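Only one chain is included here, represented as structure tokens and corresponding to the form deposited in one PDB entry.
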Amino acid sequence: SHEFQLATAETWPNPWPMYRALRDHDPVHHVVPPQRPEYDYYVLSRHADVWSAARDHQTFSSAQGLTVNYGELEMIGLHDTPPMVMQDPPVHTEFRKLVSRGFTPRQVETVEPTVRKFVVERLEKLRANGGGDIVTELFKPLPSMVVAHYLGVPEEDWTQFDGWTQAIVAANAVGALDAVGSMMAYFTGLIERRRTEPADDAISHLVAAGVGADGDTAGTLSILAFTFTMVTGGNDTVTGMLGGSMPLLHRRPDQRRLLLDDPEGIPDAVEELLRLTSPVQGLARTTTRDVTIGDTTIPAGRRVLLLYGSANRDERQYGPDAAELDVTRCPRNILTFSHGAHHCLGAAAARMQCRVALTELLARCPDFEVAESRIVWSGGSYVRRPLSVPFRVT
């Protein structure tokens, strides 16, 4: 189909033709669901429009939620302590300033050796076995460890924390009461501990800055909400980047050759893989005013889907070859991590995971096979990530 529809597990394999039809024939596309026309919304598919809209938080607000479902906030129960990703400036600004103290080059650097050691252990296990499911074995557990690091979870607690993570990621994707309860409970204790034993992580930084101090329960709640944002934001996305890169690399031995011969080209290659996988394929905003983009006026009060995945594939920005892998492309202004106020805090951490995984795949498992038709994609309309990528090595 070339007709717009929110993605499902069955339609994630190849949304690209549908994106191209939108970019070419209806860049400001009005969706009116036949069964509930009251839930109409708009879709932005071009790079220029998505880039500008992401930046313009004034006009395009995050404060009513990030899906095209108008009942979202009440449906999930996120009105009273909205996560930072559903806050507009100025509310968003102070908390983002404080938490950013846990997202410096230091925090990416300190976990890199742990990432590499884990990637190596799992890839060697897969190699010895002639392959296996690289998602369950590596691409799923890896990002959970990195989120744990950023939350200052002691290494000894990583296995327990991963249990909760996986339940929440599954429930969030498209149902995790024990996990959401156990986690919010665990973090209550960790926050308390960080009052007297602060480290360099984001939770320690929030506590040290006085968030939740002197009976400010709302502050403590904001820290807890941040842990949920981290778990829901830093896991399935990374798995989508890592798993989604596999067929792209497999089908382009010329591109693998470039990186085998020049491993120093791997950071640039990571940008290209991020552009093409765009794990967050789209997120919504709500218009605060009527806004005209080209020949269409979007009314105030409607949801607008920013199709990062299409923006990243826009021939107007990247050329007629936008749909193809070119590891030397050095794409700029990618929308994989959005743009503006909410630009992904974990961008450096995601880039580091991609770099280490790609480096070790080429070094340890260079003769590998992926069957694209055997990939199983997760349900859910916003994030594109595989549940399984069968993987064979010789």
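All residue numbers refer to positions in the sequence shown, first residue = 1. Here, rigid core means the biggest group of C-alpha atoms that superpose within 1.5 Å across both forms.
FYI, the form deposited in another entry isn't displayed, but the following is about it.
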Practice task
Of 255, 288, 220, 317, only one moves its C-alpha by 2 angstroms or more between the shown form and the other one once the rigid core is aligned, so tell me which.
Solution key: 220
Handout entry: Core-aligned CA displacement of residue 264 at least 2 Å between the shown form and the other one
Key = no
Problem - residue 209 C-alpha moves between the shown form and the other one by 2 Å or more, core aligned - result: yes
Problem - Threshold 2 Å Cα movement between the shown form and the other one at residue 106, rigid core reference - result: no
Completion exercise
Relative to the shown structure, Cα residue 82 and Cα residue 8 in that other deposited form (3 Å or more change) are closer
Handout entry: Closer or farther: C-alpha pair residue 81/residue 66 in that other deposited form, relative to this form, given a change of 3 Å or more
Key = closer
